[PDB]
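Reviewing the structure listed below.
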Amino acid sequence: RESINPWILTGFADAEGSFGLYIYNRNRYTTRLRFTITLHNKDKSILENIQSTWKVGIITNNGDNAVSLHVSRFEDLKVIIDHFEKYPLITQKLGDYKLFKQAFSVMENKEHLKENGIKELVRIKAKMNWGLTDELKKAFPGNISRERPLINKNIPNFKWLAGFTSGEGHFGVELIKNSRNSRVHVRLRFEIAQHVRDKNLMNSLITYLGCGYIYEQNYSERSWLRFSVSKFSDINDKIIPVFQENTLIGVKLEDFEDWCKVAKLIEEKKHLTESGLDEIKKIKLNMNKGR
DNA sequence: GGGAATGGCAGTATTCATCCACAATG
DNA sequence: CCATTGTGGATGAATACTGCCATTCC
Ligand SMILES: [Ca+2]
Ligand SMILES: [Ca+2]
């Protein structure tokens with residue numbers, strides 16, 4: 001139950017944190033400010049480590065297979081705000097944080113208890129996440145601006161990347177089938193997935209790491225990006241050294257370790273033998289979704 | 001003591017992680 | 001022919017994010 005490096009924490013928050021402002025009609029209006037991280041059960045240790053680092057927030061069972069860290073206590077939200085002022089987000093979520101902070105200022109002056117303050121908060125919430133609800137849209141009609149200044153920041157350091165990869169990353173051992181034979185070959189893959197809205201950040205991964213490609217997929221109004229590396233030299237020389245030096249967190253750390261085992265076997269060309277390929281096929285079976 | 005704050009979850013939509021096919025390349 | 005590398009395909013659930021009653025407290 002250790003504590004997490006602050007920049008790793010910011011990286012993970014950029015990946016899977018959420019800043020919320022919630023307004024519902026009571027009988028007037030109730031207003032709540034909340035930071036939330038929702039993860040699969042297997043990574044409850046992450047939430048505990050985050051909790052151990054901030055000394056705020058509650059950890060709750062969320063359904064059958066998920067757990068959540070909730071921070072709603074107003075005094076405790078100060079702790080969060082101060083962290084992200086010293087170690088700032090760099091994805092578009094930073095915009096949500098800014099609005100989160102602006103709403104915090106309104107409530108600190110107790111102005112959410114007056115009608116004029118509510119109208120300010122509604123304007124803020126309109127630009128946050130999924131925006132206003134239909135209750136709010138009906139109660140406050142017209143086109144409330146959803147527009148928001150676009151965030152354009154570089155990756156601060158590798159500690160941030162390790163936190164962000166701990167959330168959005170993928171370390172895969174792939175068995176390549178061909179058509180004229182039945183023997184399979186091994187290929188290692190590193191991937192990072194993200195919505196198109198952070199296209200500039202994703203493209204910078206190529207330069208920042210020194211390898212890889214950016215691919216886009218599109219399904220109706222759905223689209224996302226994929227930073228992808230396959231060339232073994234780059235994976236062995238440019239990806240593995242980075243995460244060995246900057247440690248991952250959660251279950252995905254164990255995936256990276258098994259990933260490196262396979263890489264060492266490929267490096268020693270033991271994967272072209274049959275005792276080696278067998279051990280690799282075993283390691284593949286028990287990592288990622290197989291674990 | 002009534003409402004404001006916070007706890008304590010369950011719910012919903014999708015942005016992710018993931019396993020995979022097949023073509024291209026030397 | 002073999003081994004590596006490239007370009008995404010396609011999936012479904014782990015996320016992001018939200019809704020609301022219960023409890024605290026002041
Ligand atoms: Ca994310
Ligand atoms: Ca994740």
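The figures that follow rest on heavy atoms only: side chains count, while hydrogens, waters and symmetry mates do not. Here is how names work: the chains are called A, B, and so on, in the same order as the sequence lines, proteins then strands, and each is numbered from 1.
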With the side chain of [X] defined as its heavy atoms from C-beta on, choose the nearest nucleotide among [options].
X      : options               : answer
A:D255 : C:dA14, B:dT18, B:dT6 : B:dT18
A:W224 : B:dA5, B:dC16, B:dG8  : B:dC16
A:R34  : C:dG19, B:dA4, B:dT6  : C:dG19
A:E168 : B:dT6, B:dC16, C:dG8  : B:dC16

Original post:
If we call it a pair only when both distances are under 3.5 Å in a Watson-Crick or G-U wobble match, what pairs with B:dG26?
Top reply: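 WC or wobble partner is C:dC2.
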
**OP:** Classify the angle between the aromatic ring planes of A:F84 and A:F19 as parallel (below 30°), tilted (30 to 60°) or perpendicular (above 60°).
**Re:**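 It falls in the perpendicular class, over 60°.
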
Original post:
How are the rings of A:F158 and A:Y208 set relative to one another: parallel (under 30°), tilted (30 to 60°) or perpendicular (over 60°)?
Top reply: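 Answer is tilted, since the angle falls between 30° and 60°.
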
[X] vs [N]: side-chain N/O to OP1/OP2 distance below 4.0 Å:
X      : N      : answer
A:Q217 : C:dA10 : no
A:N61  : B:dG8  : no
A:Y215 : C:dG6  : no
A:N62  : B:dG8  : no
A:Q194 : B:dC16 : yes
A:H185 : C:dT4  : no
A:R222 : B:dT14 : yes
A:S18  : C:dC17 : yes
A:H112 : B:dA5  : yes
A:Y24  : C:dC20 : no
A:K284 : B:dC20 : yes
A:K289 : B:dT18 : no
A:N181 : C:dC2  : yes
A:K252 : B:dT18 : yes

Original post:
Considering only the P atoms, how many Å lie between C:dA10 and C:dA14, rounded to the nearest integer?
Top reply: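 It works out to 23 Å between them.
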
**OP:** Return yes if a side-chain donor-acceptor contact under 3.5 Å exists between A:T91 and A:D198, otherwise no.
**Re:**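 Checked: A:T91/A:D198 side chains show no N/O donor-acceptor pair below 3.5 Å.
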
Subject >> Separation of A:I239 CD1 from A:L209 CG (nearest 0.5 Å) >> reply: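 If I round to the nearest 0.5 Å, the distance is 4.5 Å.
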
Subject >> Pair A:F171 and A:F190, ring centroids less than 6.0 Å apart >> reply: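 Yes: the rings meet the under 6.0 Å criterion.
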
Original post:
For A:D258, which of A:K282, A:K284, A:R291 qualifies under side-chain hydrogen bond (donor to acceptor under 3.5 Å, both in side chains)?
Top reply: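 Option passing the side-chain hydrogen bond (donor to acceptor under 3.5 Å, both in side chains) with A:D258: A:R291.
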
Subject >> Whole-Å distance separating the CD atom of A:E216 from the P atom of C:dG6 >> reply: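 My rounded result for the distance is 20 Å.
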
